[PDB]
Every structure is written in structure tokens, then in C-alpha cells.
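structure_7.cif follows (mmCIF, C-alpha atoms and all ligand atoms):
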```cif
data_start
#
loop_
_atom_site.label_atom_id
_atom_site.label_comp_id
_atom_site.auth_asym_id
_atom_site.auth_seq_id
_atom_site.Cartn_x
_atom_site.Cartn_y
_atom_site.Cartn_z
CA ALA D 1 22.68 12.98 -4.75
CA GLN D 2 19.20 14.36 -4.23
CA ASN D 3 17.36 13.65 -0.91
CA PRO D 4 20.30 11.85 0.70
CA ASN D 5 18.54 11.52 4.12
CA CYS D 6 15.63 9.67 2.31
CA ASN D 7 12.90 11.94 3.64
CA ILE D 8 9.35 11.62 2.45
CA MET D 9 8.75 14.39 -0.08
CA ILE D 10 5.45 16.13 -0.75
CA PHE D 11 4.63 17.45 -4.22
CA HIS D 12 2.11 20.06 -5.38
CA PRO D 13 1.88 19.71 -9.21
CA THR D 14 0.15 22.37 -11.16
CA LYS D 15 -2.74 21.41 -13.47
CA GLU D 16 -0.34 21.49 -16.40
CA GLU D 17 2.14 19.24 -14.61
CA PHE D 18 -0.72 16.83 -13.77
CA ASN D 19 -1.28 15.93 -17.40
CA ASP D 20 1.54 13.57 -18.02
CA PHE D 21 1.72 10.92 -15.28
CA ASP D 22 4.95 9.23 -16.41
CA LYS D 23 6.75 12.53 -16.78
CA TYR D 24 5.74 13.65 -13.25
CA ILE D 25 6.93 10.35 -11.68
CA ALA D 26 10.23 10.84 -13.45
CA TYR D 27 10.36 14.46 -12.16
CA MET D 28 9.77 13.33 -8.61
CA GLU D 29 12.60 10.83 -8.94
CA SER D 30 14.89 13.56 -10.36
CA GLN D 31 14.37 15.29 -7.00
CA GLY D 32 15.20 12.15 -5.02
CA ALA D 33 11.65 11.21 -3.98
CA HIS D 34 12.22 7.48 -4.42
CA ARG D 35 14.95 7.39 -1.90
CA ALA D 36 12.28 7.59 0.86
CA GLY D 37 10.24 4.69 -0.55
CA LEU D 38 7.07 6.82 -0.38
CA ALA D 39 5.96 10.29 -1.66
CA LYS D 40 2.82 12.34 -1.22
CA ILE D 41 1.18 14.10 -4.19
CA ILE D 42 -1.42 16.82 -3.51
CA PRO D 43 -3.49 17.28 -6.71
CA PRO D 44 -4.03 20.78 -8.13
CA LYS D 45 -7.02 22.55 -6.75
CA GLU D 46 -8.78 22.36 -10.18
CA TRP D 47 -8.79 18.55 -10.12
CA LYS D 48 -11.32 16.13 -8.82
CA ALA D 49 -11.60 12.33 -8.88
CA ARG D 50 -15.34 12.34 -9.33
CA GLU D 51 -18.28 14.71 -8.62
CA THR D 52 -19.58 13.19 -5.36
CA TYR D 53 -19.35 10.09 -3.14
CA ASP D 54 -23.08 10.19 -2.34
CA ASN D 55 -23.94 7.11 -4.32
CA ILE D 56 -21.38 4.43 -3.22
CA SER D 57 -23.36 2.62 -0.53
CA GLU D 58 -24.47 -0.24 -2.67
CA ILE D 59 -20.96 -1.41 -3.59
CA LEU D 60 -20.57 -4.94 -2.14
CA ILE D 61 -17.74 -6.04 0.05
CA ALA D 62 -18.06 -9.76 -0.76
CA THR D 63 -15.50 -10.95 1.79
CA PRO D 64 -14.83 -8.49 4.64
CA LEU D 65 -11.74 -9.51 6.59
CA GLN D 66 -11.57 -9.42 10.45
CA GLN D 67 -7.94 -8.74 11.32
CA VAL D 68 -7.09 -10.80 14.39
CA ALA D 69 -3.74 -10.10 16.02
CA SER D 70 -1.32 -12.33 17.95
CA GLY D 71 1.85 -11.26 19.74
CA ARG D 72 2.81 -8.17 21.72
CA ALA D 73 1.76 -4.60 21.14
CA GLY D 74 4.78 -3.61 19.11
CA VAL D 75 5.50 -6.97 17.42
CA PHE D 76 2.53 -8.94 16.19
CA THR D 77 1.05 -10.84 13.32
CA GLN D 78 -2.48 -10.63 11.99
CA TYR D 79 -4.64 -13.21 10.31
CA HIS D 80 -7.61 -12.45 8.20
CA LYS D 81 -10.85 -14.13 9.22
CA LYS D 82 -13.44 -14.07 6.45
CA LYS D 83 -16.84 -12.56 7.34
CA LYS D 84 -20.20 -12.50 5.61
CA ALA D 85 -20.71 -10.09 2.74
CA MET D 86 -21.94 -6.61 3.38
CA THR D 87 -22.56 -3.41 1.43
CA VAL D 88 -20.44 -0.29 1.79
CA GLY D 89 -23.45 1.34 3.55
CA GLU D 90 -23.61 -1.54 6.02
CA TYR D 91 -19.82 -1.43 6.53
CA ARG D 92 -19.86 2.36 7.13
CA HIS D 93 -22.50 1.90 9.83
CA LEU D 94 -20.43 -0.85 11.40
CA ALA D 95 -17.26 1.30 11.33
CA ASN D 96 -19.17 4.10 13.12
CA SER D 97 -20.60 1.77 15.79
CA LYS D 98 -19.45 2.08 19.38
CA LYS D 99 -17.50 -1.21 19.10
CA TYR D 100 -15.42 0.02 16.14
CA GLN D 101 -15.40 3.80 15.98
CA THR D 102 -12.34 5.97 16.35
CA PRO D 103 -11.85 7.06 20.02
CA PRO D 104 -11.64 10.59 21.08
CA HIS D 105 -8.19 11.99 20.45
CA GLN D 106 -6.20 15.25 20.41
CA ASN D 107 -4.34 15.03 17.18
CA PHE D 108 -2.82 12.47 14.81
CA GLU D 109 0.08 11.82 17.18
CA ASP D 110 -2.23 10.99 20.07
CA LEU D 111 -4.21 8.62 17.80
CA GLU D 112 -0.97 6.98 16.64
CA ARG D 113 -0.02 6.38 20.33
CA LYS D 114 -3.44 4.85 20.94
CA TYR D 115 -3.11 2.63 17.82
CA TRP D 116 0.20 1.15 18.93
CA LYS D 117 -0.86 0.75 22.51
CA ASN D 118 -4.18 -0.89 21.82
CA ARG D 119 -4.37 -2.39 18.34
CA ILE D 120 -3.77 -5.98 19.35
CA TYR D 121 -6.74 -5.98 21.72
CA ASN D 122 -9.25 -5.41 18.96
CA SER D 123 -10.13 -7.08 15.65
CA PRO D 124 -11.22 -4.46 13.11
CA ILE D 125 -12.92 -5.45 9.85
CA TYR D 126 -11.25 -4.38 6.51
CA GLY D 127 -12.88 -4.40 3.04
CA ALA D 128 -9.73 -4.92 1.11
CA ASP D 129 -8.70 -5.81 -2.29
CA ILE D 130 -12.05 -5.21 -4.10
CA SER D 131 -11.57 -4.99 -7.89
CA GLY D 132 -13.05 -1.73 -9.14
CA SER D 133 -12.68 2.06 -9.42
CA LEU D 134 -14.26 5.24 -8.12
CA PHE D 135 -12.66 7.55 -10.67
CA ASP D 136 -15.10 9.14 -13.06
CA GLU D 137 -14.43 8.05 -16.62
CA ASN D 138 -14.15 11.67 -17.61
CA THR D 139 -11.30 12.34 -15.14
CA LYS D 140 -8.36 12.36 -17.50
CA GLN D 141 -5.52 13.15 -15.07
CA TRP D 142 -4.23 10.58 -12.54
CA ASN D 143 -7.12 8.29 -13.12
CA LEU D 144 -5.88 5.01 -11.60
CA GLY D 145 -8.06 2.96 -13.97
CA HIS D 146 -6.43 4.56 -17.05
CA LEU D 147 -2.75 4.16 -16.38
CA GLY D 148 -0.32 2.50 -18.79
CA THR D 149 -0.21 -1.21 -17.96
CA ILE D 150 2.77 -3.02 -16.52
CA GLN D 151 2.54 -5.54 -19.36
CA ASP D 152 2.87 -2.73 -21.85
CA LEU D 153 5.80 -1.27 -19.92
CA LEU D 154 7.62 -4.63 -19.94
CA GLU D 155 6.92 -4.87 -23.66
CA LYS D 156 8.16 -1.37 -24.37
CA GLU D 157 11.37 -1.89 -22.37
CA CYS D 158 12.24 -5.47 -23.14
CA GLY D 159 10.34 -6.26 -26.37
CA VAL D 160 8.45 -9.26 -25.09
CA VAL D 161 4.64 -9.31 -25.33
CA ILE D 162 2.98 -11.03 -22.39
CA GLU D 163 -0.47 -11.97 -21.16
CA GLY D 164 -2.07 -10.28 -18.17
CA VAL D 165 -3.98 -7.31 -17.05
CA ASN D 166 -3.53 -4.60 -14.42
CA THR D 167 -6.68 -3.16 -12.69
CA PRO D 168 -7.27 -1.11 -9.55
CA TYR D 169 -8.49 -2.17 -6.15
CA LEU D 170 -10.73 -0.52 -3.59
CA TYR D 171 -10.12 -0.58 0.16
CA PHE D 172 -12.80 0.27 2.69
CA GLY D 173 -11.25 0.80 6.13
CA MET D 174 -12.15 1.53 9.69
CA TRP D 175 -10.28 2.48 12.86
CA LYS D 176 -7.32 0.16 13.46
CA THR D 177 -7.50 -1.59 10.09
CA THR D 178 -3.92 -2.43 9.33
CA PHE D 179 -1.63 -3.03 6.40
CA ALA D 180 1.33 -5.20 7.31
CA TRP D 181 4.96 -4.60 6.37
CA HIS D 182 5.47 -5.38 2.68
CA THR D 183 6.84 -4.38 -0.64
CA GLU D 184 4.67 -4.68 -3.75
CA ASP D 185 4.43 -7.84 -5.83
CA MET D 186 7.62 -8.04 -7.95
CA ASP D 187 8.80 -4.89 -6.07
CA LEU D 188 6.52 -2.74 -8.29
CA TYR D 189 5.45 0.82 -7.57
CA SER D 190 2.06 1.44 -6.13
CA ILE D 191 -0.17 4.49 -6.19
CA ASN D 192 -2.95 4.99 -3.64
CA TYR D 193 -5.66 7.62 -3.68
CA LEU D 194 -7.64 8.28 -0.52
CA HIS D 195 -11.11 9.01 -1.98
CA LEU D 196 -12.94 9.81 1.23
CA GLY D 197 -13.14 9.64 4.92
CA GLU D 198 -10.61 9.49 7.68
CA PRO D 199 -6.82 9.47 7.27
CA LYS D 200 -4.33 6.67 6.68
CA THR D 201 -0.96 6.73 8.51
CA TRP D 202 2.00 5.21 6.67
CA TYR D 203 5.39 3.99 7.72
CA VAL D 204 8.13 3.35 5.16
CA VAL D 205 11.74 2.07 4.99
CA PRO D 206 14.02 3.58 2.31
CA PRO D 207 14.66 1.04 -0.48
CA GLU D 208 18.39 1.22 0.09
CA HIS D 209 17.77 -0.06 3.65
CA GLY D 210 15.17 -2.65 3.01
CA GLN D 211 17.41 -5.58 3.92
CA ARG D 212 17.79 -4.08 7.43
CA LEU D 213 14.10 -4.41 7.92
CA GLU D 214 14.17 -7.98 6.58
CA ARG D 215 16.94 -8.95 9.00
CA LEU D 216 14.97 -7.52 11.94
CA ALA D 217 11.87 -9.31 10.79
CA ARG D 218 13.72 -12.66 10.66
CA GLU D 219 14.84 -12.03 14.28
CA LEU D 220 11.36 -11.03 15.49
CA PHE D 221 9.41 -13.69 13.67
CA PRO D 222 11.80 -16.63 13.83
CA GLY D 223 9.33 -19.47 13.06
CA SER D 224 7.88 -17.61 10.11
CA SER D 225 11.41 -16.99 8.82
CA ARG D 226 12.23 -20.71 8.96
CA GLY D 227 9.02 -21.44 7.07
CA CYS D 228 9.72 -19.10 4.16
CA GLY D 229 12.74 -17.19 2.94
CA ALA D 230 10.44 -14.27 1.93
CA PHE D 231 7.77 -14.37 4.54
CA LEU D 232 7.04 -10.66 4.47
CA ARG D 233 5.35 -11.51 1.14
CA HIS D 234 2.62 -13.04 3.32
CA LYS D 235 1.67 -9.57 4.44
CA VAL D 236 0.95 -10.47 8.08
CA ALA D 237 3.77 -8.97 10.23
CA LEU D 238 3.68 -5.72 12.14
CA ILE D 239 6.54 -3.95 13.87
CA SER D 240 5.96 -0.62 15.66
CA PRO D 241 7.92 2.56 15.24
CA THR D 242 9.20 2.23 18.78
CA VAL D 243 10.59 -1.21 18.00
CA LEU D 244 12.10 -0.05 14.74
CA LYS D 245 13.84 2.87 16.58
CA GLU D 246 15.11 0.50 19.30
CA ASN D 247 16.72 -1.64 16.59
CA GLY D 248 18.15 1.28 14.57
CA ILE D 249 16.05 0.65 11.45
CA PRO D 250 15.79 3.74 9.26
CA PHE D 251 12.16 4.72 8.52
CA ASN D 252 9.79 7.63 8.10
CA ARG D 253 6.13 8.21 8.70
CA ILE D 254 3.42 10.42 7.22
CA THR D 255 -0.39 10.73 7.38
CA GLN D 256 -2.41 10.76 4.12
CA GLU D 257 -5.70 12.63 4.10
CA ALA D 258 -8.66 12.44 1.79
CA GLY D 259 -7.92 13.86 -1.61
CA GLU D 260 -4.25 13.01 -1.54
CA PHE D 261 -2.17 10.46 -3.51
CA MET D 262 0.68 8.37 -2.16
CA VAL D 263 3.23 6.63 -4.35
CA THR D 264 5.31 3.77 -3.08
CA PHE D 265 8.57 3.09 -4.93
CA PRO D 266 10.20 -0.22 -5.86
CA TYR D 267 11.40 -2.11 -2.83
CA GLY D 268 10.03 0.50 -0.39
CA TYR D 269 8.71 -1.48 2.55
CA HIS D 270 5.58 0.09 3.99
CA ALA D 271 2.93 -0.53 6.68
CA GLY D 272 0.17 1.50 8.23
CA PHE D 273 -3.28 1.93 9.62
CA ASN D 274 -6.58 3.70 9.04
CA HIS D 275 -7.91 6.31 11.46
CA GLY D 276 -11.59 5.64 10.85
CA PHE D 277 -14.07 4.88 8.05
CA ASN D 278 -12.41 5.58 4.69
CA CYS D 279 -12.14 4.42 1.12
CA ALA D 280 -8.89 4.20 -0.86
CA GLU D 281 -8.09 3.03 -4.40
CA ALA D 282 -4.72 1.63 -5.37
CA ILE D 283 -2.95 -0.02 -8.26
CA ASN D 284 0.53 -1.20 -9.15
CA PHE D 285 2.53 0.34 -11.93
CA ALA D 286 5.97 0.23 -13.48
CA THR D 287 8.50 2.58 -15.06
CA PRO D 288 11.79 1.80 -16.83
CA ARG D 289 13.63 2.09 -13.51
CA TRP D 290 11.52 -0.73 -12.05
CA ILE D 291 12.83 -3.41 -14.41
CA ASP D 292 16.01 -4.01 -12.45
CA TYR D 293 14.07 -4.27 -9.24
CA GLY D 294 11.69 -6.76 -10.76
CA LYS D 295 14.56 -8.96 -11.81
CA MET D 296 15.92 -9.03 -8.23
CA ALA D 297 12.63 -9.29 -6.31
CA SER D 298 12.34 -11.98 -3.73
CA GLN D 299 9.75 -14.47 -3.97
CA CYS D 300 7.59 -16.61 -1.63
CA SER D 301 7.53 -20.23 -2.90
CA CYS D 302 6.14 -21.83 0.37
CA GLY D 303 2.67 -21.46 -0.93
CA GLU D 304 1.36 -18.87 1.46
CA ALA D 305 1.63 -15.65 -0.60
CA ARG D 306 -0.62 -16.82 -3.55
CA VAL D 307 -0.97 -13.93 -6.02
CA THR D 308 -2.58 -12.65 -9.22
CA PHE D 309 -2.58 -14.26 -12.60
CA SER D 310 -0.41 -11.49 -14.06
CA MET D 311 2.58 -12.16 -11.77
CA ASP D 312 3.22 -15.38 -13.65
CA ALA D 313 4.57 -13.66 -16.71
CA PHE D 314 6.69 -11.24 -14.71
CA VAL D 315 8.47 -14.15 -12.98
CA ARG D 316 8.69 -16.14 -16.15
CA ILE D 317 10.36 -13.40 -18.16
CA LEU D 318 12.37 -11.52 -15.51
CA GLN D 319 13.30 -14.47 -13.24
CA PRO D 320 13.41 -17.61 -15.42
CA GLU D 321 15.68 -19.51 -12.99
CA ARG D 322 13.16 -19.00 -10.16
CA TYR D 323 10.14 -19.71 -12.31
CA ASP D 324 9.69 -23.47 -11.84
CA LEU D 325 10.05 -23.33 -8.03
CA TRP D 326 7.81 -20.24 -7.72
CA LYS D 327 5.09 -21.83 -9.83
CA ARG D 328 5.17 -25.03 -7.67
CA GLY D 329 4.31 -22.65 -4.78
CA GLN D 330 1.31 -21.29 -6.68
CA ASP D 331 0.02 -24.87 -7.56
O1 LIG D 401 -4.24 1.03 1.87
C1 LIG D 401 -3.90 -0.16 2.18
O2 LIG D 401 -4.51 -0.94 3.02
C2 LIG D 401 -2.68 -0.82 1.67
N1 LIG D 401 -2.17 -0.12 0.47
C3 LIG D 401 -0.96 -0.31 -0.02
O3 LIG D 401 -0.10 -1.14 0.49
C4 LIG D 401 -0.52 0.41 -1.24
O4 LIG D 401 -1.22 1.29 -1.73
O5 LIG D 401 0.57 -0.01 -1.68
MG MG D 402 -23.56 2.18 -4.76
NI NI D 403 1.42 -1.65 -0.70
ZN ZN D 404 6.04 -17.95 1.85
#
```
Output the structure of this file as C-alpha cells.
Amino acid sequence: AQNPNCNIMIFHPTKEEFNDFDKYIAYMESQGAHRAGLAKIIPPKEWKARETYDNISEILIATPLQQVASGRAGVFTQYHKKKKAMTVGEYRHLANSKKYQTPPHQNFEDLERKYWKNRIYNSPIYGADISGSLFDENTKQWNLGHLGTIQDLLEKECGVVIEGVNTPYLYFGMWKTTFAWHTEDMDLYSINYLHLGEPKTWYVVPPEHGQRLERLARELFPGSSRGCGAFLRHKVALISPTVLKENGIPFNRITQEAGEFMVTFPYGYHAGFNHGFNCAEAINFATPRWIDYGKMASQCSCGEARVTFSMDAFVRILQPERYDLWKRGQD
């Protein structure tokens, strides 16, 4: 069995290997990359996502989210308070302000210590989940707006044509902006490209151990667990690496820098934080190996998780027993 300790693997494809996205995902899996839940892909030196980032300041962040925490430093939830719209240029200036800027630090490890010590005492503002793309249309390799669609994958594997579309999302971050512990909708893959700016630190639980994280989460968030049998679908709970180590939960960590891709694999729980002003792009995708994970994915039916139009068909076709109850949650 390849990668039996479930370590995060880093890949350096050549330009020729960067042509065929599906084939390279399958290659990475042949080497055991999925066992970690997360892999890093460093593009060939010949490649670029676009020519420059000099002209992005007029993108609008219609609903910036202030991430307010509650709890203790290592075990907290966050809620998203909606703020007034601002441009990417306005948001960058805000991120760099004395109130929000990254503190002085020695190295990524020192910053990570500072994050876990101090996150809860601040409320950073995240421009998340903005439909759009920063890939140039002429970038033909690993262009996250030109991937094969999940609807087309389901149709190719299972024969059923379904409605829905699959487009990317932009994320504008600042120091302390946080992504809570989650798997993807329908336990899909994700791919995330860090276009610019400061790094993003990730934490990940191997898919084979995901239920260990869920059981800890039910213990640590006992009201939320009574409310919803899949409350990590709400994407609000944080658990620090120190707490995970104290409870014996297997995980790994890695820092993504600008110009690098990360892939999350089906049922790989992940969480993390931004080091400073940055912009990432991400999208879900599927492969043939995903189908079995999609059929087994948990679902939130309490009403909180409320998701995209395109998840309807995935539930309806892969999880017909759950469909009725899930859809009651969405209406
Ligand atoms: O970058 C972020 O805030 C969160 N991204 C992801 O969870 C992802 O790419 O799957
Ligand atoms: Mg612009
Ligand atoms: Ni994710
Ligand atoms: Zn729920």
C-alpha cells in the first residue's frame, strides 16, 4: 500500500505531465497521495496562471464576512457577520491596516503559535465564496475554470444526465481568516490555487480516520451535535493541533504559498488559516473514485448548511433514500 502513514505528498509535474489534469490526479493517487486527504502540486516553472495581478482592485466583495469567535483558544466556533460591500483594493488596504495586519514573526511556526494563541480575540474579515476566476482564458493547463464538470463525470460514470453547473470561487483573505473543519459538499475533491499574497496553512485528517475527528467534534461541541447529526457541514467549528494531539487524532499540516495548488481528496477533513492578505481560487471536482464517497456522504438536514443548486441532483441520484429529508432541510 502506497503512503501507509498518510503523509501529505508534494508533487512537481513537468510541463508535459501538466497537460492532462485527470491523468495527473490518477498518478498522484497511484502514489498514495489521497491517503493524506491533501496534496500539494507545484506547477512547472514554464506555467503561469495569468500575466499579472496588477489590475484586480476593482473586483467587488459584495458581502465581506467578519469571523467572530466563541469558545476557548483551541476549541471554538465562528459565526460570519455580514459587512458592507467593498472592493478588493479597499479590502487589501484594510488587511494591511494596523488593526488587521500580520504581526511580526520569525517563521511560519512562530506565526502558527500566534494564530492559535490569539485568534479568538480578534474578528478578521474574509471575502469568501465569490463566484469568478483569475485564470487567463489562454492558460490551458490547470485552469480551474476549464475543468471537466462534476455533472459530466456523474454522467460518464453512471449514465444519468443531470442539471447543474460547477464554477470556481475566489477567496480574499487576511491575517487570521479561518476555514473551519469540513469535508467538501458530497465529499467531493477540491482544488485550490493561491494566486497571490501571503500563505495559507492547512490541517488535514486522513480520509480513513475521518470518523475519529467526527467523534471528537461531537464531544467538544455537544449542543451542536444534538442539533444536527452532521454539524461539521455548517463549517463553523475549530479544533487546534494541540487539542487534536491531546485526543490522539491523526492529522498533518502544511503551508501553501503563492503559486502553489492544493488538492483535497474525498472525505479529507481540512481546516486552516491565512497569514495575511491573499487571494485564492478553488473549485470542486470529481473522478471515478469519488462516486462511492458521494453515495456515502453525510448530510445536514437541520437547515443550517444550505448549499448550491447543483447539490440537489447529486443527492437525488446518489442518495435517493435521503433525498426527501435533505430537501426539507433546504426548503
Ligand atoms: O481557502 C479557503 O478559505 C477554504 N478552501 C477550501 O476549503 C478548499 O479549497 O477546499
Ligand atoms: Mg479590477
Ligand atoms: Ni474545503
Ligand atoms: Zn445541520
List as an NGL selection string the protein and nucleic acid residues near segment 226-229 of chain D, meaning an atom at most 12 Å away when all atoms listed in the file are counted, but skip any in the same chain fewer than 3 places from it.
:D and (214-215 or 217-223 or 232-234 or 298-305 or 329)
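Atom CA of residue 177 of chain D sits 17.1 Å away from atom CA of residue 204 of chain D.
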Listing only residues of chain D within 7 Å of ligand NI 403 (chain D), what is the closest atom pair and its distance in Å (to one decimal) for each, using only C-alpha atoms and all ligand atoms, sorted by chain and residue number ascending, as a Markdown table?
```
| residue | atom | partner | partner_atom | distance |
| --- | --- | --- | --- | --- |
| D:182 | CA | D:NI403 | NI | 6.5 |
| D:183 | CA | D:NI403 | NI | 6.1 |
| D:184 | CA | D:NI403 | NI | 5.4 |
| D:190 | CA | D:NI403 | NI | 6.3 |
| D:270 | CA | D:NI403 | NI | 6.5 |
```
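Atom pair atom CA of residue 104 of chain D / atom CA of residue 199 of chain D: separated by 14.7 Å.
Remark: for ligand MG 402 (chain D), the closest of the candidate residues D:46, D:134, D:41, D:72 is D:134 (distances computed over only C-alpha atoms and all ligand atoms).
Nearest to ligand ZN 404 (chain D) of all the residues D:120, D:1, D:237, D:230 is D:230, counting all atoms listed in the file.
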Name all residues at most 10 Å from residue 296 of chain D (count all atoms listed in the file; drop same-chain ones fewer than 3 positions away) and give them as a PyMOL selection string.
chain D and resi 186-187+267+291-293+299+318-319
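The spacing separating atom CA of residue 59 of chain D from atom MG of ligand MG 402 (chain D) amounts to 4.6 Å.
Among the candidate residues D:316, D:306, D:105, D:40, the one lying nearest to ligand ZN 404 (chain D) is D:306, with distances computed using all atoms listed in the file.
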Check which residues of chain D sit at most 10 Å from ligand LIG 401 (chain D) using all atoms listed in the file, and return one row each with the closest pair of atoms and their distance in Å to one decimal, ordered by chain and rising number, as CSV.
```
residue,atom,partner,partner_atom,distance
D:38,CA,D:LIG401,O5,9.5
D:126,CA,D:LIG401,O2,8.3
D:127,CA,D:LIG401,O2,9.1
D:128,CA,D:LIG401,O2,6.8
D:129,CA,D:LIG401,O2,8.3
D:169,CA,D:LIG401,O4,9.2
D:170,CA,D:LIG401,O1,8.6
D:171,CA,D:LIG401,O2,6.3
D:172,CA,D:LIG401,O2,8.4
D:173,CA,D:LIG401,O2,7.6
D:177,CA,D:LIG401,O2,7.7
D:178,CA,D:LIG401,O2,6.5
D:179,CA,D:LIG401,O2,4.9
D:180,CA,D:LIG401,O3,8.1
D:181,CA,D:LIG401,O3,8.5
D:182,CA,D:LIG401,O3,7.3
D:183,CA,D:LIG401,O5,7.7
D:184,CA,D:LIG401,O5,6.6
D:185,CA,D:LIG401,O5,9.7
D:188,CA,D:LIG401,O5,9.3
D:189,CA,D:LIG401,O5,7.7
D:190,CA,D:LIG401,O5,4.9
D:191,CA,D:LIG401,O4,5.6
D:192,CA,D:LIG401,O4,4.5
D:193,CA,D:LIG401,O4,8.0
D:194,CA,D:LIG401,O1,8.4
D:200,CA,D:LIG401,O1,7.4
D:201,CA,D:LIG401,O1,9.3
D:202,CA,D:LIG401,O1,8.9
D:235,CA,D:LIG401,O3,9.5
D:261,CA,D:LIG401,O4,9.4
D:262,CA,D:LIG401,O4,7.3
D:263,CA,D:LIG401,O4,7.4
D:264,CA,D:LIG401,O5,6.2
D:265,CA,D:LIG401,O5,9.2
D:268,CA,D:LIG401,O5,9.6
D:269,CA,D:LIG401,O3,9.1
D:270,CA,D:LIG401,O3,6.8
D:271,CA,D:LIG401,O3,6.9
D:272,CA,D:LIG401,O2,7.4
D:273,CA,D:LIG401,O2,7.3
D:274,CA,D:LIG401,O2,7.9
D:278,CA,D:LIG401,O1,9.8
D:279,CA,D:LIG401,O1,8.6
D:280,CA,D:LIG401,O1,6.3
D:281,CA,D:LIG401,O4,7.6
D:282,CA,D:LIG401,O4,5.1
D:283,CA,D:LIG401,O4,6.9
D:284,CA,D:LIG401,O5,7.6
```
Tell me, as a VMD selection string, which residues lie within 10 Å of residue 12 of chain D, counting all atoms listed in the file; anything in the same chain fewer than 6 positions away does not count.
chain D and resid 18 40 to 45
Nearest to ligand MG 402 (chain D) among D:122, D:240, D:55, D:70, with distances taken over only C-alpha atoms and all ligand atoms: which residue is it?
D:55
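Shortest separation to ligand MG 402 (chain D) among D:28, D:313, D:61, D:147 occurs at residue D:61, atoms counted being all atoms listed in the file.
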Save segment 61-73 of chain D from what I just supplied, as a short mmCIF file (atom, residue, chain, number, x, y, z; two decimals), in the first residue's frame, atoms limited to N, CA, C and O atoms.
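Output file result_37.cif follows:
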```cif
data_model
loop_
_atom_site.label_atom_id
_atom_site.label_comp_id
_atom_site.auth_asym_id
_atom_site.auth_seq_id
_atom_site.Cartn_x
_atom_site.Cartn_y
_atom_site.Cartn_z
N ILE D 61 -16.18 42.58 -3.46
CA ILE D 61 -16.55 41.70 -2.44
C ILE D 61 -17.91 42.19 -1.89
O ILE D 61 -17.97 43.11 -1.06
N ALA D 62 -18.97 41.61 -2.44
CA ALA D 62 -20.33 42.13 -2.13
C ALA D 62 -20.69 41.94 -0.67
O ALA D 62 -21.36 42.81 -0.12
N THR D 63 -20.22 40.88 -0.06
CA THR D 63 -20.63 40.56 1.33
C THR D 63 -19.38 40.01 2.08
O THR D 63 -19.22 38.81 2.29
N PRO D 64 -18.49 40.95 2.45
CA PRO D 64 -17.38 40.53 3.35
C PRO D 64 -17.87 39.96 4.63
O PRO D 64 -18.97 40.38 5.09
N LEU D 65 -17.20 38.96 5.18
CA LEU D 65 -17.72 38.27 6.37
C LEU D 65 -16.75 38.49 7.51
O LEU D 65 -15.57 38.11 7.43
N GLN D 66 -17.24 39.01 8.63
CA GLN D 66 -16.40 39.23 9.87
C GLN D 66 -16.55 37.96 10.64
O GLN D 66 -17.67 37.54 11.02
N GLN D 67 -15.45 37.28 10.96
CA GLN D 67 -15.47 35.97 11.58
C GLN D 67 -15.29 36.09 13.08
O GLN D 67 -14.16 36.20 13.58
N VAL D 68 -16.41 36.05 13.79
CA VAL D 68 -16.43 36.28 15.23
C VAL D 68 -16.36 34.96 15.96
O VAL D 68 -17.24 34.10 15.74
N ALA D 69 -15.42 34.78 16.85
CA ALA D 69 -15.24 33.51 17.53
C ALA D 69 -15.87 33.44 18.91
O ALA D 69 -16.01 34.50 19.58
N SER D 70 -16.22 32.24 19.32
CA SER D 70 -16.73 31.99 20.69
C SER D 70 -16.12 30.72 21.21
O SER D 70 -16.09 29.70 20.43
N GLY D 71 -15.67 30.63 22.44
CA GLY D 71 -15.14 29.40 22.97
C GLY D 71 -13.83 29.63 23.65
O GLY D 71 -13.64 30.60 24.32
N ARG D 72 -12.92 28.68 23.56
CA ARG D 72 -11.57 28.77 24.10
C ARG D 72 -10.60 28.70 22.94
O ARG D 72 -10.92 28.28 21.86
N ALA D 73 -9.37 29.04 23.21
CA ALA D 73 -8.39 29.24 22.17
C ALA D 73 -8.22 28.07 21.28
O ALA D 73 -8.04 28.35 20.04
#
```
